[PDB]
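Below you'll find the structure, written out as structure tokens, and then a few comments.
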Amino acid sequence: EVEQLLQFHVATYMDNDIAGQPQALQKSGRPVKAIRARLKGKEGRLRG
DNA sequence: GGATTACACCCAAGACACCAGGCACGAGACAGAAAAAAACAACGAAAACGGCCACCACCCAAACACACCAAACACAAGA
């Protein structure tokens with residue numbers, strides 16, 4: 001359980017859009033802005 | 001099963017976690033597991049009764065013969 005907690009924290013530190021699982025959340029209810037979410041899209045690093 | 005769905009600009013409005021069961025420590029009880037003893041198997045030692053060879057006599061087995069019966073070539077009959 002605890003090693004899997006480490007695995008999940010490390011995974012969602014990099015990619016919080018993994019299919020078929022909950023998202024690392026903020027206590028405000030929003031999901032964590034992972035690095036991948038930082039890099040992609042119209043508003044991401046590359047295009048924005 | 002995911003992933004993408006125009007471009008630029010302006011303004012306003014609300015929030016920027018609170019509260020509840022788990023870790024540590026905090027103490028009991030049968031279960032996770034450890035110690036023991038008494039009725040479980042065997043073997044050593046004595047007792048006398050069941051087992052083996054005699055002795056023995058009456059009942060079943062073999063020989064002799066009887067009459068009786070089953071049976072087998074063939075002289076005769078027959079198609």
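Note on naming: chains are A, B, ... as they come in the structure tokens, residues start from 1 per chain, ligands start from 1 in the order shown.
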
- [ ] Write out as a PyMOL selection string all residues of chain A that backbone DSSP assigns to helix (DSSP H, G or I).
- [x] chain A and resi 2-14+35-39

Kindly export the residues of the current selection with C-alpha atoms, as a PDB file, in the first residue's frame.
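Saved as again-v1.pdb:
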ATOM      1  CA  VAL A   2       2.674   2.536   0.961  1.00  0.00           C
ATOM      2  CA  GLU A   3       5.008   1.678  -1.919  1.00  0.00           C
ATOM      3  CA  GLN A   4       2.001   2.035  -4.234  1.00  0.00           C
ATOM      4  CA  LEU A   5       1.309   5.414  -2.645  1.00  0.00           C
ATOM      5  CA  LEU A   6       4.848   6.373  -3.618  1.00  0.00           C
ATOM      6  CA  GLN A   7       4.245   5.038  -7.137  1.00  0.00           C
ATOM      7  CA  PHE A   8       0.992   6.995  -7.504  1.00  0.00           C
ATOM      8  CA  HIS A   9       2.449  10.235  -6.149  1.00  0.00           C
ATOM      9  CA  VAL A  10       5.426   9.937  -8.510  1.00  0.00           C
ATOM     10  CA  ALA A  11       3.166   9.122 -11.469  1.00  0.00           C
ATOM     11  CA  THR A  12       0.760  12.014 -10.905  1.00  0.00           C
ATOM     12  CA  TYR A  13       3.678  14.371 -10.274  1.00  0.00           C
ATOM     13  CA  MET A  14       4.391  13.870 -13.974  1.00  0.00           C
ATOM     14  CA  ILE A  35       4.095  18.710 -15.633  1.00  0.00           C
ATOM     15  CA  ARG A  36       2.459  17.074 -18.650  1.00  0.00           C
ATOM     16  CA  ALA A  37      -0.557  19.344 -18.214  1.00  0.00           C
ATOM     17  CA  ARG A  38       1.947  22.206 -18.019  1.00  0.00           C
ATOM     18  CA  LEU A  39       3.459  21.254 -21.382  1.00  0.00           C
TER      19      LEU A  39
END

- [ ] Pull out every residue of chain B sitting within 10 Å of chain A, counting only C-alpha atoms (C1' of nucleotides), and send them as a ChimeraX atom specification.
- [x] /B:1-2,15-17

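In this structure, CA of residue 48 (chain A) sits 15.3 Å away from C1' of residue 6 (chain B).
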
- [ ] May I ask for the distance between CA of residue 41 (chain A) and CA of residue 23 (chain A), given in Å to one decimal place?
- [x] 18.9 Å
